$ cat query21.pdb   # PDB, C-alpha atoms
ATOM      1  CA  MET Z   1      32.950 109.611  90.779
ATOM      2  CA  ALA Z   2      36.522 110.950  90.542
ATOM      3  CA  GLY Z   3      39.160 113.472  91.548
ATOM      4  CA  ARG Z   4      39.304 114.664  87.953
ATOM      5  CA  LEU Z   5      39.663 110.902  87.194
ATOM      6  CA  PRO Z   6      37.952 107.771  88.613
ATOM      7  CA  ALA Z   7      39.154 104.837  90.719
ATOM      8  CA  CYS Z   8      41.516 102.035  89.552
ATOM      9  CA  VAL Z   9      42.944  98.850  91.181
ATOM     10  CA  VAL Z  10      46.442  97.657  91.724
ATOM     11  CA  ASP Z  11      46.767  94.278  93.382
ATOM     12  CA  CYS Z  12      50.180  94.620  94.991
ATOM     13  CA  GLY Z  13      51.318  90.938  94.865
ATOM     14  CA  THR Z  14      54.330  89.447  96.763
ATOM     15  CA  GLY Z  15      55.605  87.940  93.519
ATOM     16  CA  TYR Z  16      54.027  89.991  90.670
ATOM     17  CA  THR Z  17      51.930  93.187  90.779
ATOM     18  CA  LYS Z  18      48.705  93.366  88.676
ATOM     19  CA  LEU Z  19      46.563  96.169  87.264
ATOM     20  CA  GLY Z  20      44.495  97.542  84.332
ATOM     21  CA  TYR Z  21      42.889 100.866  83.212
ATOM     22  CA  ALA Z  22      39.488 102.580  83.581
ATOM     23  CA  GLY Z  23      37.209 101.012  80.894
ATOM     24  CA  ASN Z  24      39.093  97.703  80.308
ATOM     25  CA  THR Z  25      37.973  94.200  81.340
ATOM     26  CA  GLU Z  26      41.217  92.468  82.451
ATOM     27  CA  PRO Z  27      44.461  93.158  84.273
ATOM     28  CA  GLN Z  28      46.440  94.599  81.344
ATOM     29  CA  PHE Z  29      49.529  93.741  83.472
ATOM     30  CA  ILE Z  30      50.652  90.942  85.834
ATOM     31  CA  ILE Z  31      54.320  91.764  86.312
ATOM     32  CA  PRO Z  32      57.605  91.130  88.287
ATOM     33  CA  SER Z  33      57.763  93.066  91.576
ATOM     34  CA  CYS Z  34      61.567  93.552  91.099
ATOM     35  CA  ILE Z  35      64.311  96.312  90.972
ATOM     36  CA  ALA Z  36      68.147  96.282  90.413
ATOM     37  CA  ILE Z  37      70.928  98.178  92.282
ATOM     38  CA  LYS Z  38      74.722  97.547  92.495
ATOM     39  CA  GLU Z  39      75.584  96.083  95.955
ATOM     40  CA  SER Z  40      79.198  94.939  95.140
ATOM     41  CA  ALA Z  41      80.408  96.801  98.296
ATOM     42  CA  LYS Z  42      83.863  98.384  97.389
ATOM     43  CA  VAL Z  43      82.769 101.637  99.115
ATOM     44  CA  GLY Z  44      85.680 103.933  98.137
ATOM     45  CA  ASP Z  45      87.234 107.278  97.079
ATOM     46  CA  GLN Z  46      86.810 111.144  97.215
ATOM     47  CA  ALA Z  47      84.645 110.800 100.373
ATOM     48  CA  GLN Z  48      81.548 112.875 101.448
ATOM     49  CA  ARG Z  49      78.794 112.778 104.204
ATOM     50  CA  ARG Z  50      75.882 114.953 105.634
ATOM     51  CA  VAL Z  51      75.127 116.851 102.328
ATOM     52  CA  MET Z  52      72.130 116.016 100.048
ATOM     53  CA  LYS Z  53      73.468 118.251  97.152
ATOM     54  CA  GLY Z  54      73.066 117.430  93.422
ATOM     55  CA  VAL Z  55      74.328 113.845  92.681
ATOM     56  CA  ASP Z  56      76.717 111.898  90.294
ATOM     57  CA  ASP Z  57      76.472 108.843  92.538
ATOM     58  CA  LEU Z  58      73.314 106.734  91.787
ATOM     59  CA  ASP Z  59      73.168 103.606  89.570
ATOM     60  CA  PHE Z  60      69.680 101.935  89.549
ATOM     61  CA  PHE Z  61      66.863 100.456  87.355
ATOM     62  CA  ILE Z  62      63.341  99.071  88.055
ATOM     63  CA  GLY Z  63      60.833  96.441  86.775
ATOM     64  CA  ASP Z  64      61.137  93.313  84.561
ATOM     65  CA  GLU Z  65      64.084  94.783  82.538
ATOM     66  CA  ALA Z  66      66.070  95.366  85.783
ATOM     67  CA  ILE Z  67      66.363  91.500  85.836
ATOM     68  CA  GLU Z  68      68.943  91.842  82.986
ATOM     69  CA  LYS Z  69      71.130  94.370  84.876
ATOM     70  CA  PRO Z  70      74.729  93.138  85.743
ATOM     71  CA  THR Z  71      76.224  93.786  89.278
ATOM     72  CA  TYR Z  72      72.845  95.421  89.852
ATOM     73  CA  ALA Z  73      71.250  93.039  92.374
ATOM     74  CA  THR Z  74      67.593  92.680  91.236
ATOM     75  CA  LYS Z  75      65.931  92.807  94.697
ATOM     76  CA  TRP Z  76      62.193  92.257  95.287
ATOM     77  CA  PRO Z  77      60.107  94.534  97.656
ATOM     78  CA  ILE Z  78      57.804  91.498  97.909
ATOM     79  CA  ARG Z  79      57.272  90.387 101.532
ATOM     80  CA  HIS Z  80      59.484  87.557 102.635
ATOM     81  CA  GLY Z  81      61.353  88.608 105.825
ATOM     82  CA  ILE Z  82      62.532  91.433 103.627
ATOM     83  CA  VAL Z  83      59.893  94.011 104.539
ATOM     84  CA  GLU Z  84      61.954  97.107 105.465
ATOM     85  CA  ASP Z  85      62.352  98.314 101.837
ATOM     86  CA  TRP Z  86      58.837  99.699 102.035
ATOM     87  CA  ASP Z  87      61.235 102.695 102.039
ATOM     88  CA  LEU Z  88      62.167 101.901  98.396
ATOM     89  CA  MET Z  89      58.604 100.850  97.579
ATOM     90  CA  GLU Z  90      57.613 104.546  97.597
ATOM     91  CA  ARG Z  91      60.264 105.585  95.003
ATOM     92  CA  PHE Z  92      59.585 102.377  93.110
ATOM     93  CA  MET Z  93      55.840 103.117  92.944
ATOM     94  CA  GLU Z  94      56.555 106.746  92.088
ATOM     95  CA  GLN Z  95      58.367 105.317  89.065
ATOM     96  CA  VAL Z  96      55.494 102.892  88.319
ATOM     97  CA  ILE Z  97      52.787 105.542  88.531
ATOM     98  CA  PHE Z  98      54.430 108.557  86.975
ATOM     99  CA  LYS Z  99      56.815 106.802  84.551
ATOM    100  CA  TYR Z 100      55.586 103.301  83.553
ATOM    101  CA  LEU Z 101      51.825 103.886  83.841
ATOM    102  CA  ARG Z 102      52.720 107.535  83.124
ATOM    103  CA  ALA Z 103      49.821 108.715  85.252
ATOM    104  CA  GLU Z 104      48.620 111.255  87.926
ATOM    105  CA  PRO Z 105      47.697 109.989  91.484
ATOM    106  CA  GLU Z 106      46.332 113.350  92.738
ATOM    107  CA  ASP Z 107      43.593 113.202  89.980
ATOM    108  CA  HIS Z 108      42.552 109.496  89.951
ATOM    109  CA  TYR Z 109      41.152 107.403  92.841
ATOM    110  CA  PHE Z 110      42.631 104.061  94.011
ATOM    111  CA  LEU Z 111      42.183 100.657  95.578
ATOM    112  CA  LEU Z 112      45.226  98.725  96.843
ATOM    113  CA  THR Z 113      45.796  95.402  98.645
ATOM    114  CA  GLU Z 114      47.231  93.958 101.956
ATOM    115  CA  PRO Z 115      47.625  90.551 103.707
ATOM    116  CA  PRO Z 116      45.493  89.614 106.764
ATOM    117  CA  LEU Z 117      48.580  89.378 109.066
ATOM    118  CA  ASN Z 118      49.668  93.029 108.444
ATOM    119  CA  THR Z 119      51.190  95.268 111.185
ATOM    120  CA  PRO Z 120      50.304  99.017 111.239
ATOM    121  CA  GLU Z 121      53.590 101.034 111.239
ATOM    122  CA  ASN Z 122      54.825 100.082 107.732
ATOM    123  CA  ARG Z 123      51.461 101.259 106.238
ATOM    124  CA  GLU Z 124      50.834 104.216 108.505
ATOM    125  CA  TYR Z 125      54.224 105.876 107.916
ATOM    126  CA  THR Z 126      53.392 105.432 104.213
ATOM    127  CA  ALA Z 127      50.037 107.213 104.903
ATOM    128  CA  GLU Z 128      51.780 110.614 105.228
ATOM    129  CA  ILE Z 129      53.391 109.602 101.966
ATOM    130  CA  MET Z 130      49.957 108.594 100.469
ATOM    131  CA  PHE Z 131      48.537 112.035 101.339
ATOM    132  CA  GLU Z 132      51.648 114.319 101.254
ATOM    133  CA  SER Z 133      53.948 112.580  98.748
ATOM    134  CA  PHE Z 134      51.298 110.889  96.513
ATOM    135  CA  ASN Z 135      48.736 113.359  97.935
ATOM    136  CA  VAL Z 136      45.850 111.187  96.656
ATOM    137  CA  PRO Z 137      42.255 112.568  96.847
ATOM    138  CA  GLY Z 138      41.082 109.175  98.189
ATOM    139  CA  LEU Z 139      42.164 105.519  98.477
ATOM    140  CA  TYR Z 140      41.878 102.490 100.696
TER     141      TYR Z 140
ATOM    142  CA  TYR N 188     116.423  70.775  98.757
ATOM    143  CA  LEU N 189     116.932  69.247 102.234
ATOM    144  CA  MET N 190     116.158  65.789 100.688
ATOM    145  CA  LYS N 191     118.642  66.559  97.921
ATOM    146  CA  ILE N 192     121.042  67.327 100.832
ATOM    147  CA  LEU N 193     120.753  64.225 103.016
ATOM    148  CA  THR N 194     120.931  61.699 100.205
ATOM    149  CA  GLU N 195     124.626  62.777 100.657
ATOM    150  CA  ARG N 196     124.395  61.402 104.241
ATOM    151  CA  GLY N 197     124.403  57.902 102.631
ATOM    152  CA  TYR N 198     120.662  57.789 102.002
ATOM    153  CA  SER N 199     120.181  55.397  99.159
ATOM    154  CA  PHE N 200     117.392  55.042 101.691
ATOM    155  CA  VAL N 201     114.597  57.744 101.315
ATOM    156  CA  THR N 202     110.795  57.982 100.311
ATOM    157  CA  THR N 203     107.833  60.203  99.256
ATOM    158  CA  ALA N 204     106.058  59.634 102.595
ATOM    159  CA  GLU N 205     109.040  60.938 104.639
ATOM    160  CA  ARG N 206     109.031  64.649 103.686
ATOM    161  CA  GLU N 207     106.477  64.623 106.488
ATOM    162  CA  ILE N 208     109.323  63.264 108.674
ATOM    163  CA  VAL N 209     112.229  65.370 107.428
ATOM    164  CA  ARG N 210     109.810  68.100 108.396
ATOM    165  CA  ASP N 211     109.766  66.449 111.837
ATOM    166  CA  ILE N 212     113.535  66.446 112.267
ATOM    167  CA  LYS N 213     113.335  70.051 111.109
ATOM    168  CA  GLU N 214     110.618  70.937 113.623
ATOM    169  CA  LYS N 215     112.748  69.260 116.346
ATOM    170  CA  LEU N 216     116.267  70.307 115.417
ATOM    171  CA  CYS N 217     116.446  72.758 112.466
ATOM    172  CA  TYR N 218     116.892  76.478 113.133
ATOM    173  CA  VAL N 219     117.119  79.656 111.018
ATOM    174  CA  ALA N 220     120.837  80.355 110.347
ATOM    175  CA  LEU N 221     122.171  83.462 112.221
ATOM    176  CA  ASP N 222     125.282  84.527 110.236
ATOM    177  CA  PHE N 223     125.263  82.259 107.172
ATOM    178  CA  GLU N 224     128.811  82.863 105.824
ATOM    179  CA  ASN N 225     130.335  82.322 109.253
ATOM    180  CA  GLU N 226     127.725  79.622 109.887
ATOM    181  CA  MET N 227     129.315  77.859 106.868
ATOM    182  CA  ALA N 228     132.818  78.677 108.148
ATOM    183  CA  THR N 229     131.819  77.026 111.464
ATOM    184  CA  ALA N 230     130.062  74.102 109.719
ATOM    185  CA  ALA N 231     133.216  73.552 107.638
ATOM    186  CA  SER N 232     135.327  73.468 110.875
ATOM    187  CA  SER N 233     133.311  72.270 113.940
ATOM    188  CA  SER N 234     131.606  69.032 114.989
ATOM    189  CA  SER N 235     129.521  71.050 117.542
ATOM    190  CA  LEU N 236     126.653  71.426 115.007
ATOM    191  CA  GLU N 237     126.235  67.621 114.883
ATOM    192  CA  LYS N 238     123.461  65.931 116.903
ATOM    193  CA  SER N 239     121.621  62.549 116.677
ATOM    194  CA  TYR N 240     118.157  61.377 115.440
ATOM    195  CA  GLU N 241     116.313  58.018 115.647
ATOM    196  CA  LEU N 242     114.338  55.791 113.266
ATOM    197  CA  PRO N 243     111.371  53.374 113.716
ATOM    198  CA  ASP N 244     112.992  49.896 114.175
ATOM    199  CA  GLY N 245     115.720  51.093 116.654
ATOM    200  CA  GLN N 246     118.152  53.027 114.388
ATOM    201  CA  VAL N 247     120.193  56.172 115.129
ATOM    202  CA  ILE N 248     121.506  58.742 112.615
ATOM    203  CA  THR N 249     123.394  62.093 113.150
ATOM    204  CA  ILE N 250     123.041  65.522 111.461
ATOM    205  CA  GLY N 251     124.130  69.185 112.038
ATOM    206  CA  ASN N 252     125.225  71.420 109.119
ATOM    207  CA  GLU N 253     122.235  70.515 106.867
ATOM    208  CA  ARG N 254     120.250  71.736 109.908
ATOM    209  CA  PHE N 255     121.052  75.374 108.977
ATOM    210  CA  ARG N 256     122.068  74.916 105.274
ATOM    211  CA  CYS N 257     118.545  74.279 104.049
ATOM    212  CA  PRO N 258     117.364  76.852 106.703
ATOM    213  CA  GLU N 259     119.163  79.613 104.688
ATOM    214  CA  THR N 260     117.079  79.231 101.449
ATOM    215  CA  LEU N 261     114.436  81.580 102.926
ATOM    216  CA  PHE N 262     117.105  84.285 102.488
ATOM    217  CA  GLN N 263     118.330  82.572  99.260
ATOM    218  CA  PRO N 264     115.514  81.089  97.083
ATOM    219  CA  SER N 265     118.125  82.155  94.557
ATOM    220  CA  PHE N 266     119.920  78.963  95.774
ATOM    221  CA  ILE N 267     117.603  77.001  93.392
ATOM    222  CA  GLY N 268     117.812  79.875  90.936
ATOM    223  CA  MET N 269     114.467  81.144  92.275
ATOM    224  CA  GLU N 270     113.846  84.780  91.225
ATOM    225  CA  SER N 271     112.823  85.566  94.833
ATOM    226  CA  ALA N 272     115.578  87.187  96.803
ATOM    227  CA  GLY N 273     115.756  86.477 100.509
ATOM    228  CA  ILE N 274     112.187  86.873 101.259
ATOM    229  CA  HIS N 275     112.047  90.019 103.426
ATOM    230  CA  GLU N 276     114.309  91.731 100.862
ATOM    231  CA  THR N 277     112.076  90.486  98.014
ATOM    232  CA  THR N 278     109.130  91.820  99.975
ATOM    233  CA  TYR N 279     110.733  95.119 101.095
ATOM    234  CA  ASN N 280     110.810  96.121  97.416
ATOM    235  CA  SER N 281     106.998  96.142  97.147
ATOM    236  CA  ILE N 282     106.907  98.269 100.320
ATOM    237  CA  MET N 283     109.094 100.727  98.387
ATOM    238  CA  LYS N 284     106.079 101.213  95.969
ATOM    239  CA  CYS N 285     104.402 103.265  98.703
ATOM    240  CA  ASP N 286     104.176 106.211 101.177
ATOM    241  CA  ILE N 287     107.275 107.288 103.153
ATOM    242  CA  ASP N 288     105.419 108.191 106.385
ATOM    243  CA  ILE N 289     104.214 104.679 107.118
ATOM    244  CA  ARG N 290     107.647 103.179 107.237
ATOM    245  CA  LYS N 291     108.840 103.580 110.868
ATOM    246  CA  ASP N 292     105.213 102.961 111.902
ATOM    247  CA  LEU N 293     105.024  99.637 110.045
ATOM    248  CA  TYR N 294     108.521  98.763 111.335
ATOM    249  CA  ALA N 295     107.153  99.435 114.826
ATOM    250  CA  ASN N 296     104.128  97.244 113.695
ATOM    251  CA  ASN N 297     105.049  93.890 112.081
ATOM    252  CA  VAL N 298     103.114  90.686 112.791
ATOM    253  CA  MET N 299     103.917  86.974 112.291
ATOM    254  CA  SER N 300     101.739  83.766 111.978
ATOM    255  CA  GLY N 301     101.478  80.279 110.288
ATOM    256  CA  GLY N 302     103.397  77.031 110.956
ATOM    257  CA  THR N 303     106.849  77.623 109.386
ATOM    258  CA  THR N 304     107.029  81.194 110.893
ATOM    259  CA  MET N 305     107.711  79.499 114.226
ATOM    260  CA  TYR N 306     111.404  78.380 113.698
ATOM    261  CA  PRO N 307     114.238  79.155 116.194
ATOM    262  CA  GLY N 308     116.908  81.761 115.348
ATOM    263  CA  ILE N 309     114.242  83.538 113.215
ATOM    264  CA  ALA N 310     113.767  87.062 114.607
ATOM    265  CA  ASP N 311     117.343  87.566 115.883
ATOM    266  CA  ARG N 312     118.470  86.814 112.333
ATOM    267  CA  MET N 313     115.638  88.634 110.596
ATOM    268  CA  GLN N 314     115.567  92.013 112.370
ATOM    269  CA  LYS N 315     119.321  92.272 111.543
ATOM    270  CA  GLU N 316     118.632  91.294 107.911
ATOM    271  CA  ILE N 317     115.709  93.748 107.699
ATOM    272  CA  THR N 318     118.275  96.174 109.169
ATOM    273  CA  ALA N 319     120.366  95.392 106.073
ATOM    274  CA  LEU N 320     117.439  96.832 103.995
ATOM    275  CA  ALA N 321     115.994  99.726 105.965
ATOM    276  CA  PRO N 322     116.660 103.509 106.215
ATOM    277  CA  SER N 323     118.242 104.817 109.487
ATOM    278  CA  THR N 324     116.629 105.613 112.938
ATOM    279  CA  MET N 325     114.046 102.769 113.031
ATOM    280  CA  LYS N 326     112.473 101.025 116.016
ATOM    281  CA  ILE N 327     110.615  97.799 115.575
ATOM    282  CA  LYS N 328     107.812  95.577 116.863
ATOM    283  CA  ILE N 329     108.002  91.858 116.019
ATOM    284  CA  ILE N 330     104.594  90.513 117.009
ATOM    285  CA  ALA N 331     105.538  86.835 116.772
ATOM    286  CA  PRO N 332     103.751  85.051 119.650
ATOM    287  CA  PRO N 333     103.966  81.431 120.767
ATOM    288  CA  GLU N 334     101.282  79.535 118.818
ATOM    289  CA  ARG N 335     101.268  82.434 116.301
ATOM    290  CA  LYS N 336     100.350  79.650 113.841
ATOM    291  CA  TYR N 337      96.997  79.229 115.651
ATOM    292  CA  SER N 338      96.585  82.919 116.569
ATOM    293  CA  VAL N 339      95.080  83.329 113.032
ATOM    294  CA  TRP N 340      92.502  80.569 113.783
ATOM    295  CA  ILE N 341      91.681  82.102 117.176
ATOM    296  CA  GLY N 342      91.225  85.625 115.660
ATOM    297  CA  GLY N 343      88.480  84.218 113.376
ATOM    298  CA  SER N 344      86.895  82.695 116.534
ATOM    299  CA  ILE N 345      86.729  86.234 118.067
ATOM    300  CA  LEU N 346      85.589  87.899 114.790
ATOM    301  CA  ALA N 347      82.661  85.502 114.571
ATOM    302  CA  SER N 348      81.310  86.956 117.878
ATOM    303  CA  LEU N 349      81.185  90.548 116.549
ATOM    304  CA  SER N 350      77.542  91.560 116.062
ATOM    305  CA  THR N 351      78.715  94.028 113.371
ATOM    306  CA  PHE N 352      80.378  91.085 111.586
ATOM    307  CA  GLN N 353      77.049  89.165 111.475
ATOM    308  CA  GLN N 354      75.205  91.899 109.579
ATOM    309  CA  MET N 355      75.223  90.267 106.151
ATOM    310  CA  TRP N 356      75.614  86.489 106.671
ATOM    311  CA  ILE N 357      75.255  85.127 103.118
ATOM    312  CA  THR N 358      72.502  82.516 103.120
ATOM    313  CA  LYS N 359      71.643  79.448 101.153
ATOM    314  CA  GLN N 360      68.351  81.377 100.640
ATOM    315  CA  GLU N 361      70.012  83.974  98.438
ATOM    316  CA  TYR N 362      71.661  81.128  96.508
ATOM    317  CA  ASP N 363      68.313  79.240  96.271
ATOM    318  CA  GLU N 364      67.034  82.098  94.160
ATOM    319  CA  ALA N 365      70.298  83.394  92.732
ATOM    320  CA  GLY N 366      71.992  80.224  91.562
ATOM    321  CA  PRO N 367      75.766  80.760  91.065
ATOM    322  CA  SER N 368      75.459  83.323  88.241
ATOM    323  CA  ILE N 369      76.548  86.510  90.115
ATOM    324  CA  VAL N 370      77.863  85.480  93.578
ATOM    325  CA  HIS N 371      81.169  87.027  92.354
ATOM    326  CA  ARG N 372      79.305  90.421  92.498
ATOM    327  CA  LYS N 373      77.903  89.706  95.947
ATOM    328  CA  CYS N 374      81.698  89.700  96.243
ATOM    329  CA  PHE N 375      83.567  92.901  95.155
TER     330      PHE N 375
END

$ encode --input "query21.pdb" --output "structure tokens"
Amino acid sequence: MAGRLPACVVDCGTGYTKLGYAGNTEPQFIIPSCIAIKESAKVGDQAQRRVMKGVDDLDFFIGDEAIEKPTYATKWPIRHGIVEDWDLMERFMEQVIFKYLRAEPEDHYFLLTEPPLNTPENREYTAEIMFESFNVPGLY
Amino acid sequence: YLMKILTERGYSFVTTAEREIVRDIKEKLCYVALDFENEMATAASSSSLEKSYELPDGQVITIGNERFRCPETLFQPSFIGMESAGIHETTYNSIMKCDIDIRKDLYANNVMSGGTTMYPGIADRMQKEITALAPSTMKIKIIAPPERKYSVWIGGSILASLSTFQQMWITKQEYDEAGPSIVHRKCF
């Protein structure tokens, strides 16, 4: 059973994420849920607003190697009062999927993980994303 | 300098712990000189400057010219051979590094605080010394309140109430993870 490709698991841990590939017998990965962006706050010069035109103005890196990045604050979209960066978690996972795993989420199937004490809105806004951004054939 | 003065007033009779007390006589009786050259001409010629002070076991002293002499060094750090001019002159130079438009605005917007800012004779000297620096046609605001010293404390007490100001209180919880190693880039 498949899209073109079968199901796989990510366990989306609030320290490290873990996963493996169709046919293996282990998580091939158990890995830092972390990402680094400069937040040194001297917001200055040549100003612009209200215009999403082609950029020269982003400075960011993701995963275990983002831990090395200087002035880049290696944040963690783990859940720890910080929750709101489920916004970044999309772009983050888009990197993971298409660029670390180097994969195709409209062809595979998926299983993903949540805590018992979960509220709806943070997932359900990401459900348009799951089926319009990630456009998966099926998941739960 | 004022200690180096009043040794001349017979004081084979002075200590480390009394700068704190010179400072008292100052806070009671010193004033910012108004017309220093003529202040000296008057000091050289009149007893009217001279006024008494009192000491812990029942002892009077009297003082009056020293009482403006040391209170000129703010306009003459160059007295010691300090490279600073009179301070608002010294300062006015760095203002010259800048935009022209600001200048009457900032003259009409100058603000004073801290302990030693609070001396008598200050502004009525200073505006006329700043006048010795400035271009023509100015008008001024000298925002030098009573308790201006504490106005800086009290402004932090207001700031703390601003909800906008609270919006990134830096926690021990960041530090618990972070250690020290880049708090100077949580800074600018």

$ closest_atom_pairs --input "query21.pdb" --of "chain N" --to "chain Z" --cutoff "8 Å" --atoms "all atoms listed in the file" --output "tab-separated table"
residue	atom	partner	partner_atom	distance
N:369	CA	Z:71	CA	7.3
N:372	CA	Z:40	CA	5.2
N:373	CA	Z:40	CA	5.5
N:374	CA	Z:40	CA	5.9
N:375	CA	Z:40	CA	4.8

$ resolve_selection --input "query21.pdb" --expression "the PyMOL selection byres ((chain N and resi 246-262) around 10)" --output "PyMOL selection string"
chain N and resi 188-193+196+212-213+216-223+226-227+229-231+233-245+263-267+269+271-277+306+308-309+313+316

$ atom_distance --input "query21.pdb" --atom1 "atom CA of residue Z:17" --atom2 "atom CA of residue N:365"
20.9 Å

$ atom_distance --input "query21.pdb" --atom1 "atom CA of residue Z:8" --atom2 "atom CA of residue Z:109"
6.3 Å

$ resolve_selection --input "query21.pdb" --expression "the PyMOL selection byres ((chain Z and resi 11) around 10)" --output "JSON, numbers by chain"
{"Z": [9, 10, 12, 13, 14, 16, 17, 18, 19, 20, 27, 30, 111, 112, 113, 114]}

$ resolve_selection --input "query21.pdb" --expression "the PyMOL selection byres ((chain Z and resi 138) around 8)" --output "list in words"
residues 109, 110, 136, 137, 139 and 140 of chain Z

$ atom_distance --input "query21.pdb" --atom1 "atom CA of residue Z:46" --atom2 "atom CA of residue Z:61"
24.7 Å

$ closest_residue --input "query21.pdb" --among "Z:93, Z:124, Z:79, Z:58" --to "residue Z:105" --atoms "all atoms listed in the file"
Z:93

$ closest_residue --input "query21.pdb" --among "Z:60, Z:29, Z:76, Z:86" --to "residue Z:100" --atoms "all atoms listed in the file"
Z:29

$ residues_around --input "query21.pdb" --residues "residue Z:90" --least-positions-apart "3" --cutoff "10 Å" --atoms "all atoms listed in the file" --output "list in words"
residues 85, 86, 87, 93, 94, 95, 96, 126, 129, 130, 133 and 134 of chain Z

$ write_last_selection --input "query21.pdb" --atoms "C-alpha atoms" --output "PDB file, in the coordinates of the input"
ATOM      1  CA  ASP Z  85      62.352  98.314 101.837  1.00  0.00           C
ATOM      2  CA  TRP Z  86      58.837  99.699 102.035  1.00  0.00           C
ATOM      3  CA  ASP Z  87      61.235 102.695 102.039  1.00  0.00           C
ATOM      4  CA  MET Z  93      55.840 103.117  92.944  1.00  0.00           C
ATOM      5  CA  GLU Z  94      56.555 106.746  92.088  1.00  0.00           C
ATOM      6  CA  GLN Z  95      58.367 105.317  89.065  1.00  0.00           C
ATOM      7  CA  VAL Z  96      55.494 102.892  88.319  1.00  0.00           C
ATOM      8  CA  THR Z 126      53.392 105.432 104.213  1.00  0.00           C
ATOM      9  CA  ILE Z 129      53.391 109.602 101.966  1.00  0.00           C
ATOM     10  CA  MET Z 130      49.957 108.594 100.469  1.00  0.00           C
ATOM     11  CA  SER Z 133      53.948 112.580  98.748  1.00  0.00           C
ATOM     12  CA  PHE Z 134      51.298 110.889  96.513  1.00  0.00           C
TER      13      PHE Z 134
END

$ closest_residue --input "query21.pdb" --among "N:357, N:325, N:330, N:228" --to "residue N:289" --atoms "only C-alpha atoms"
N:325

$ closest_residue --input "query21.pdb" --among "N:197, N:268, N:332, N:343" --to "residue N:301" --atoms "only C-alpha atoms"
N:332
